[PDB]
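A quick note on method: Cβ atoms are made from the backbone with ideal geometry, for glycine too, and the neighbour counts reach across all protein chains shown. Values quoted throughout were computed directly from the atomic coordinates according to the rules given, and no laboratory measurement underlies them.
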Amino acid sequence: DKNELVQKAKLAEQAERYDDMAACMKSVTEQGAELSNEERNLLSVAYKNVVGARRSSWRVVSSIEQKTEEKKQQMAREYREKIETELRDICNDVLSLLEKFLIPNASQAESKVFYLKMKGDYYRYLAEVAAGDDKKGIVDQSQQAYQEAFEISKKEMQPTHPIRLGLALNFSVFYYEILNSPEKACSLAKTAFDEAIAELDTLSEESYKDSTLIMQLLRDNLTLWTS
Amino acid sequence: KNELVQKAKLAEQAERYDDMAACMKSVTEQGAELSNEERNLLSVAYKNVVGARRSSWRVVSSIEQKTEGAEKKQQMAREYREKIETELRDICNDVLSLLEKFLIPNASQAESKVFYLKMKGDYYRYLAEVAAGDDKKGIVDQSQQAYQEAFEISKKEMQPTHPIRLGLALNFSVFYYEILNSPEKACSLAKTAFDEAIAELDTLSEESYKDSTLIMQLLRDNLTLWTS
Amino acid sequence: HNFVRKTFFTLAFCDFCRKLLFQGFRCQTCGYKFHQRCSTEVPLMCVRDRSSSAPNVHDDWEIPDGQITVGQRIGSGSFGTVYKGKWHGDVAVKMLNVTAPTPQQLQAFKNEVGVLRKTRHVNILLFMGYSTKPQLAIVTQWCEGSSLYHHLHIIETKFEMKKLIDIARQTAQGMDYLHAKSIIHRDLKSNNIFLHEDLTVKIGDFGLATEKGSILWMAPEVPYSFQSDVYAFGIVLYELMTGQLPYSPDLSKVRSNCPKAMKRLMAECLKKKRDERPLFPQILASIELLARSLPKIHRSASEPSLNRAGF
Ligand SMILES: O=C(c1c(F)ccc(NS(=O)(=O)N2CC[C@H](F)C2)c1F)c1c[nH]c2ncc(-c3cnc(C4CC4)nc3)cc12
């Protein structure tokens, strides 16, 4: 039952083993009912750490090959592909889960932004790995999802909201890092920081220390981008 | 085969230890004696695969024994712990069968034998934390035979400051304090190894100064803790 | 701060008490670490104990007079002068002032030679011999690349961030050995650091232990202790990361691409009190953590997870 699987997933939150955490929440979602916000983060963090391990691993094996350039590198090449072929499966299972079960039954403001932003991220993570033609197809999709969430959010969410700023932070990073449009990314973040701080008191005790963290994330990105 | 050795070296940097161990095991299965570089890979590979489970078990077991009375919850945590333990056991058994089938039978020099035997004495101390009942005593006895055997060869063939010997005193002394609950018998073994390396300190070498001085800090830390 | 559960392989040392750490928390913003025991007393101005086990592992010296060719005076100070020369190849000579020492001074020199012939760490300047007949001198290896002070101020601009950190890594990896031999290097400074070939660092000026313009590198308490050497290493970090000279130093001057893990490392070493400072076994450990995280967490900041720990 759903209530049981939530506990069986928070047992892998503590004591890690996130591959088990994914299995519990994945089955929870397939029931078709809308997830509670607390139950929504568990599916977010369950996959945030499964991919985050291969993302970090892929980068290191990438820097090694760029530095060796050679039978050593001929083998180090096939090992980088091994990590890539895993990132593909992890991303596909989230997207199919988002497309087939979560998004269709969202039926609420905050939920719609959450799932589309998430759909945006897991397409971006494929861009960092895919080749030219596949990158373009993937790059466009990450933008439609990002843009679609970018539309609903600005219409309905408060001036300050962790999901609101979190989409601006991730959308700008998509421009700066994937589309190589530093000024296109700079303006997006700059306004988000300005709008949020202009009305900072709209936050409240339950989330102000959560949203304020993202504001430091936005400001630091601009400082690095201005240099 | 060097391909396996570099594959493991690749795996360590990527931080994929479950795949690193699967390579070093395939090296050890070939019947050749490991060099002191390949040998030190097999130690790092399996002590990280096990170290994950030991960490999972030490937190689940503390979630249990808390929130007394909630039977349905405490039934869920209890059944989860014993799933970790079986996975943890399968690792230690694989290590132990690997030592006793290929490595220990063909360890020629004293250095190797004091090394492989300490491993054998370590992986039984891991099972002694998981097992219960008569099996705990059946395991704890088996640990002492390996720790004792290595200690005799160490006292005779290796210098006081050699990190292998200076670490056998650390792991063996703990086995007396935690598994056997004998503080005095642990302190005596700890103090003895500690001073013998201090007296002959200048034998320290460029290739071992950092490794040896770390263990002497760990050895001193336990002493103060136990005497605290 | 926002923390998370973390289990550490390789090595780590809790930033509060600095004992070996295997299973604890850490802060995602700055990478701070700590045990659960000391979590209740971790600072918040963000700017049943158990036992630990074994962790993972990875007369003929004298030179007769006239054999050594003497070149041009490169520099002088303290109680001697430096010259380039040739003796079985390129060499360097520290010409001490005294030519006719008293037996007590000579015996002091004899003991120093007894010590200096034992130290053979890669990141210290190789010892090649001594001479008493013409004058008190010590013969070392000659490093073509001038002192690190010369590579920041005269010829400069040739240091990437990765190479910039690696120099402070070998500086500590060489001063850890000088503490594992119980020698306090009193006068560490960027002019006492040399670069031989393909940038292999070498430390000097630690000799003359028996006998034993520098204002910038002198510690505030300088007066001598292991803690005093840590501050001197802290000042060397400031010159590297900032690319300038000191003058507290302004940490804000650092480059943009240097991560905050190095920002916090430098801040500790410059701590006013001796006690709060770390020691080189740990400094050498964090800097190798800070070095493993360059090819891994180079990025433009993404979105972090909400706080998943409370204390
Ligand atoms: O200065 C010394 C030196 C020495 F010769 C003898 C003794 C000591 N000190 S010691 O006795 O403590 N010492 C500790 C370890 C050693 F075993 C003994 C010295 F510090 C050098 C040794 N080799 C060098 N190569 C190059 C330069 C150099 C380069 N560029 C410049 C720029 C101005 C242009 N100036 C100078 C300097 C030295």
Worksheet item: Exposure proxy check: A:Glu78, A:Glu156 ranked by fewest other beta carbons within 10 Å?
Response: A:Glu78, A:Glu156
Worksheet item: How large is the dipole of segment C:69-140 about the Cα centre if only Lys and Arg carry +1 and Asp and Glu carry -1, each at its Cβ, rounded to the nearest 20 debye?
Response: 100
Response to the item:
From the Cα centre of segment A:33-107 to that of segment C:5-46, the distance in Å is 27
Worksheet item: Taking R0 as 60 Å, what's the FRET efficiency between C:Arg48 and C:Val70 from their Cβ-Cβ distance, rounded to 0.05?
Response: 0.30
Worksheet item: Suppose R0 equals 22 Å; then what is the FRET efficiency for B:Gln75 and A:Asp19 from their Cβ-Cβ distance, rounded to the nearest 0.05?
Response: 0.40
Worksheet entry | Order of C:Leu240, B:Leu168, B:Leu204 - criterion: other Cβ atoms within 10 Å of each residue's Cβ, fewest first | B:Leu204, C:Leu240, B:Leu168
Worksheet item: Roughly how crowded by other chains is peptide A:5-17, in terms of the mean Cβ count from those chains within 10 Å of each of its Cβ atoms?
Response: 5
Worksheet item: Mind listing the phi-derived Karplus ³J(HN,Hα) values for segment C:236-241, rounded to whole Hz, using 6.51, -1.76 and 1.60 with θ = phi - 60°, and x for any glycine or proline?
Response: 4, 4, 4, 4, 4, 4
Worksheet item: Is there a simple number for the mean count of other chain Cβ atoms within 10 Å of the Cβ of residues in A:205-216, and what is it?
Response: 2
Response to the item:
Extend 7 Å from the Cα of C:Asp187 along its Cα-to-C-beta direction; within segment C:199-213, residues with backbone N under 16 Å of that point are C:203-213
Discussion item. So if I take the centroid of the Cα atoms in segment A:176-227 and the same for segment B:198-216, what is the distance between those two points in Å?
Written reply: 52
Fill in: Partners for C:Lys158 among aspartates and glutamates (Cα-Cα distance below 13 Å; same-chain residues under 8 apart left out)
C:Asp198
Discussion item. Under a crude label model (7 Å from the Cα following the beta-carbon direction), how far is C:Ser305 from C:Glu276 in nanometres?
Written reply: 3.2
Worksheet item: How far, in nm, would the chain grow between C:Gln244 and C:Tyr224 when pulled straight, counting 0.36 nm per residue and subtracting the alpha carbon separation?
Response: 4.5 nm
Discussion item. Using only DSSP helix segments of four residues or longer, with each worth -39500 (n - 2.57), what per-residue ellipticity at 222 nm results for chain C after dividing by its residue count and rounding to 500?
Written reply: -8000 deg cm²/dmol
Worksheet entry | FRET efficiency for C:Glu268 and C:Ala291, using Cβ-Cβ distance with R0 set to 25 Å, rounded to 0.05 | 0.90
Worksheet, complete the sentence: Ranked from fewest to most other Cβ atoms within 10 Å of their own Cβ, B:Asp202, C:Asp59 fall in the order C:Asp59, B:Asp202
Fill in: Where Cα atoms sit under 18 Å apart: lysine pairs in segment C:69-140 separated by 8 or more or lying on different chains
7
Practice prompt. Quick one: among B:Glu71, B:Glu149, B:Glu29, which has the greatest mean-square fluctuation in a GNM of chain B with alpha-carbon springs under 10 angstrom?
Written response: B:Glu71
Item to complete: Starting at the first residue of segment A:7-16, write each ³J(HN,Hα) from the Karplus equation 6.51 cos²θ - 1.76 cosθ + 1.60 with θ = phi - 60°, in whole Hz, x for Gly and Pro.
Response: 5, 5, 8, 6, 6, 8, 4, 5, 6, 6
Response to the item:
Between C:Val4 and residues 5 or more places away or on another chain, the pairs with built amide H atoms under 5 Å apart involve C:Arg26, C:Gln28
Fill in: Built amide H within the under 5 Å cut-off of C:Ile124, gap 5+
C:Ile203
Fill in: Pairs of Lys in segment A:1-105 closer than 23 Å at Cα, counting only those 8 or more apart or on different chains
15
Worksheet item: Where does each of A:158-165, C:99-106 land if you order them by average Cβ count within 10 Å, highest first?
Response: A:158-165, C:99-106
Worksheet item: Along segment B:17-29, what does the Karplus equation 6.51 cos²θ - 1.76 cosθ + 1.60 (θ = phi - 60°) give for ³J(HN,Hα), rounded to whole Hz, x for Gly and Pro?
Response: 7, 4, 8, 5, 5, 4, 8, 4, 4, 4, 6, 5, 5
Item to complete: Answer with one residue from C:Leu195, C:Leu245, C:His150: the one whose Cα lies farthest towards the positive end of the charge dipole of chain C, charges on Cβ with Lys, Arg +1 and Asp, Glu -1.
Response: C:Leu245
Worksheet, complete the sentence: Given backbone amide H placed at 1.01 Å from N, residues whose amide H is under 5 Å from that of C:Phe34, ignoring those fewer than 5 places away on the same chain, are C:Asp15, C:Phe25
Item to complete: Could you tell me whether segment C:147-292 comes out rounded, prolate or oblate from its Cα gyration tensor? Rule is a ≥ b ≥ c as square roots of the eigenvalues, rounded for a/c under 1.5, then prolate if a/b exceeds b/c, otherwise oblate.
Response: rounded
Practice prompt. Please give the average number of partner chain Cβ atoms lying within 10 Å of the Cβ of each residue in C:14-22, rounded to a whole number.
Written response: 1
